[PDB]
Structure formats: structure tokens, C-alpha cells
Amino acid sequence: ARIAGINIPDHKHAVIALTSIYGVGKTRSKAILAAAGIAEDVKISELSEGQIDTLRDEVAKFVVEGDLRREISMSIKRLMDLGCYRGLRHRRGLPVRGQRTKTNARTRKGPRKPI
RNA sequence: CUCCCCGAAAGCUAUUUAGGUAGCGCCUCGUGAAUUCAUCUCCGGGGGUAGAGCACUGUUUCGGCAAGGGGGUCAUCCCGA
Ligand SMILES: [K+]
Ligand SMILES: [K+]
Ligand SMILES: [K+]
Ligand SMILES: [K+]
Ligand SMILES: [K+]
Ligand SMILES: [K+]
Ligand SMILES: [Mg+2]
Ligand SMILES: [Mg+2]
Ligand SMILES: [Mg+2]
Ligand SMILES: [Mg+2]
Ligand SMILES: [Mg+2]
Ligand SMILES: [Mg+2]
């Protein structure tokens, strides 16, 4: 119950439990169990250590966790120092994908700030 | 009424005490006991004043160095220069 440096739940199906890894969604979690030869509905509790290791190498094929967290942070970093319009939206906390800001946009702005 | 000898104090402590009083200090008279007491010289002592000084406690002026702080020029998301 220790993959990619983190601990994954033991009472959950293998397909659901693997999604606890930053960088592995339901699709990738479905591919890994396929690449290892394990069913999806099997709890990782009753998984032999001879099987967990066969999952760890497959997870190594993907850029997950801190390496992904550094790639995403670098991508944003590249826009912000560039001065491009997208990086200016990241600077000012506004939405970047051309959404309306007259109303809404509270996910990027946060809760309301009275005058 | 007279003569002879010595000769103060106006301090301390306490006091419904403060211009009163009490004990002590200072005056007198008597008795007793030590080279007892004083001056000077030499010897043994502690000292924290005068003066001086500025390590300490504070205060003070000038210069040097400078953490830092602030005021600005950009930068500005974080940086920062
Ligand atoms: K818009
Ligand atoms: K008296
Ligand atoms: K007497
Ligand atoms: K004599
Ligand atoms: K002497
Ligand atoms: K001094
Ligand atoms: Mg999806
Ligand atoms: Mg639109
Ligand atoms: Mg006389
Ligand atoms: Mg009384
Ligand atoms: Mg009276
Ligand atoms: Mg003096």
C-alpha cells in the first residue's frame, strides 16, 4: 500500500485506490491495472507484495507527483515571466481562458470582497 | 545684707510634645581608684571625602565603519536591481 512515494488506501478497489496518486486519473489507473495483469475490482489489501511491485514500475512510466507538480509549476512560471497575456492573467489571479469577469469568476477571485 | 572659690546650657532621645517635662550630655560639692588623661614624636590600622578618571551606571560631542531602517528609480506574480 505504498506506491509513488505515497500510501494508497487498502479497503478500496485497485482501480479507485490508484487514483490517489497525483497524475493518475481513472483512465490511467485503468491502463496500469491492465499493464500489470490485475483485475480492477480487487482490493489492494489482498494484493501480494509480488503484485504491488509490478504496479510501481508502471507508475514510473508516468510523470506523477512531485515531478508533475514541478512541471505544472514550471509551465505557469514560463508564462508569468514571459509577459504574455496568459501570464498576466496568472499574475492578477483572473481567469485565463477568456471567461466573463463582470459577474462570476469567483473560483479565480475567491469569495467576495466588499468595497 | 556682704565677701571668697568654681562655673554652665540653649544639644540628643521621648513626650496630646514643641515657650512644659523626664533620662542622658554639660556645671558644682564630696569620696575613691589607675601613669588615668592631654600635647608631640615614632609605630600598627581601616577608609572612599578633596582631587582625578570614564572600564562600570548614566549623560555628551566629533570622526570612521556599518547590520539595519527609511525616501526614491525601475521592476513587480514572486523576485528584486
Ligand atoms: K472576457
Ligand atoms: K532633661
Ligand atoms: K553630680
Ligand atoms: K609625665
Ligand atoms: K596613624
Ligand atoms: K563613562
Ligand atoms: Mg477526466
Ligand atoms: Mg466568451
Ligand atoms: Mg573661672
Ligand atoms: Mg501619647
Ligand atoms: Mg508652653
Ligand atoms: Mg570631585
Side-chain angles (χ1 to χ4, degrees):
Chain A
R2 166 154 251 270
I3 313 188
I6 83 190
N7 291 61
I8 77 184
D10 74 311
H11 55 305
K12 316 217 279 205
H13 290 11
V15 58
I16 303 295
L18 275 164
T19 44
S20 298
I21 301 159
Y22 186 78
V24 166
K26 163 73 69 76
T27 278
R28 267 185 184 171
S29 149
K30 210 184 272 334
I32 279 151
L33 292 188
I38 315 181
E40 293 167 12
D41 49 280
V42 294
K43 321 186 47 137
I44 74 93
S45 94
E46 55 250 15
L47 272 206
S48 94
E49 182 52 72
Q51 285 158 318
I52 285 91
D53 41 21
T54 73
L55 299 167
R56 281 191 190 106
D57 48 342
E58 284 142 359
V59 178
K61 319 232 192 85
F62 298 116
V63 180
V64 310
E65 295 278 2
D67 309 290
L68 179 51
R69 257 181 281 250
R70 278 192 292 284
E71 181 197 311
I72 293 162
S73 193
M74 179 36 102
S75 45
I76 301 177
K77 182 37 169 25
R78 165 198 173 249
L79 317 150
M80 264 150 93
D81 58 9
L82 239 178
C84 61
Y85 156 94
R86 267 212 291 153
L88 264 39
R89 307 260 105 191
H90 278 289
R91 283 190 204 170
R92 307 180 110 263
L94 299 187
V96 302
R97 302 180 171 193
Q99 297 102 320
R100 72 189 293 118
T101 65
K102 192 181 192 180
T103 61
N104 299 350
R106 319 298 326 180
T107 293
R108 295 281 300 167
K109 286 157 69 136
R112 275 144 164 120
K113 37 210 159 319
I115 315 172

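Chain A is the first sequence line, chain B the second, and so forth, proteins listed ahead of strands; every chain is numbered from 1.
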Worksheet item: Hey, does A/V64 have a side-chain heavy atom less than 4.5 Å from the side chain of A/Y22?
Response: no

Worksheet entry | Separation between the P atoms of B/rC37 and B/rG23, rounded to whole Å | 31 Å

Item to complete: Kindly determine whether A/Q99 and A/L94 satisfy side-chain contact (heavy atoms from CB on, under 4.5 Å), including the steps that lead there.
Response: CA-CA 9 Å; A/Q99 297 102 320; A/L94 299 187; over 6 Å; no

Item to complete: Measure the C1'-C2'-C3'-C4' torsion in the sugar of B/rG70, then label it north if positive and south if negative.
Response: north

Worksheet item: Do B/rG47 and B/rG48 pass the stacking test of six-membered ring centres within less than 5.5 angstrom and planes tilted under 30 degrees?
Response: no

Practice prompt. Do me a favour and sort the pucker of B/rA50 into north or south by its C1'-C2'-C3'-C4' torsion.
Written response: north

Discussion item. With the 90 degree cut-off around zero defining syn, does B/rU59 come out syn or anti?
Written reply: anti

Practice prompt. Kindly write out the residues that satisfy side chain to side chain donor-acceptor pair (under 3.5 Å) with A/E46, not counting sequence neighbours, or none if the list is empty.
Written response: none

Worksheet item: Do A/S45 side-chain atoms and A/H11 backbone N/O form a donor-acceptor pair below 3.5 Å?
Response: no

Worksheet entry | A/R78: partners by side chain to side chain donor-acceptor pair (under 3.5 Å), with sequence neighbours left out | none

Worksheet entry | Side chains of A/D67 and A/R70 in contact at under 4.5 Å (non-hydrogen atoms) | yes

Discussion item. Reading RNA chain B in the 5' to 3' direction, which nucleotide is the first one with an atom under 4.0 Å from a heavy atom of chain A, and which is the last?
Written reply: B/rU76 to B/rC77

Worksheet item: Using atom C1' of each nucleotide, how far apart are B/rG46 and B/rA55 to the nearest Å?
Response: 26 Å

Worksheet item: Should the sugar of B/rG58 be assigned to the north (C3'-endo side) or south (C2'-endo side) class according to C1'-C2'-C3'-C4'?
Response: north

Discussion item. In this structure, are B/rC74 and B/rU73 stacked, using the six-membered base rings with centres under 5.5 Å and planes under 30°?
Written reply: yes

Worksheet item: When you look for runs of 3 or more Watson-Crick or G-U pairs in a row, both distances below 3.5 Å, which of them include RNA chain B?
Response: B:11-15 with B:20-24

Response to the item:
With north defined by a positive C1'-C2'-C3'-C4' torsion and south by a negative one, B/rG47 has a sugar that is south

Discussion item. Taking the P atom in each of B/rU28 and B/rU2, what is the distance between them to the nearest angstrom?
Written reply: 25 Å

Worksheet item: Do A/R108 and A/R89 come close enough that some side-chain heavy atom pair is under 4.5 Å?
Response: no

Fill in: Verify stacking: B/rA38 then B/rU39, 5.5 Å distance, 30° angle limits
yes

Practice prompt. Assign B/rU35 to north (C3'-endo side) or south (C2'-endo side) according to its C1'-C2'-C3'-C4' torsion.
Written response: south

Worksheet item: Under the side-chain contact (heavy atoms from CB on, under 4.5 Å) criterion, do A/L79 and A/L88 qualify, and how do the steps go?
Response: CA-CA 8 Å; A/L79 317 150; A/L88 264 39; over 6 Å; no

Practice prompt. Within residues 79-97 of chain A, find the residues that approach RNA chain B with a heavy atom at under 4.0 Å, and present them sorted by residue number.
Written response: A/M80, A/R91

Fill in: Within-4.5 Å side-chain heavy-atom neighbours: A/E58 and A/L33
no

Practice prompt. Please work out if the bases of strand neighbours B/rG23 and B/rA22 stack, meaning their six-membered ring centres are under 5.5 Å apart and their ring planes differ by under 30°?
Written response: yes

Worksheet item: When you compare B/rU39 with B/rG53, how far apart are their P atoms, in angstrom units rounded to a whole number?
Response: 38 Å

Worksheet item: Is A/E40 paired with A/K12 through a side-chain N to carboxylate O contact shorter than 4.0 Å?
Response: no

Practice prompt. Considering non-hydrogen atoms only, spot the tightest contact between A/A36 and A/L55 and give its length.
Written response: CB-CD2, 3.7 Å

Item to complete: Could you work out the separation of B/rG25 and B/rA10 based on their P atoms and round it to a whole Å?
Response: 14 Å

Worksheet item: Expressed in whole Å, how much space separates the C1' atoms belonging to B/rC54 and B/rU59?
Response: 12 Å

Practice prompt. Report the residues that fulfil side chain to side chain donor-acceptor pair (under 3.5 Å) with A/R91, sequence neighbours left out, ordered by chain and then residue number.
Written response: none

Worksheet item: Side chains of A/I21 and A/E65: closer than 4.5 Å at any heavy-atom pair?
Response: yes

Worksheet entry | Integer angstrom distance from the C1' of B/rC26 to that of B/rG7 | 11 Å

Fill in: Distance, P atom - from B/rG48 to B/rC43, rounded to whole angstrom
24 Å

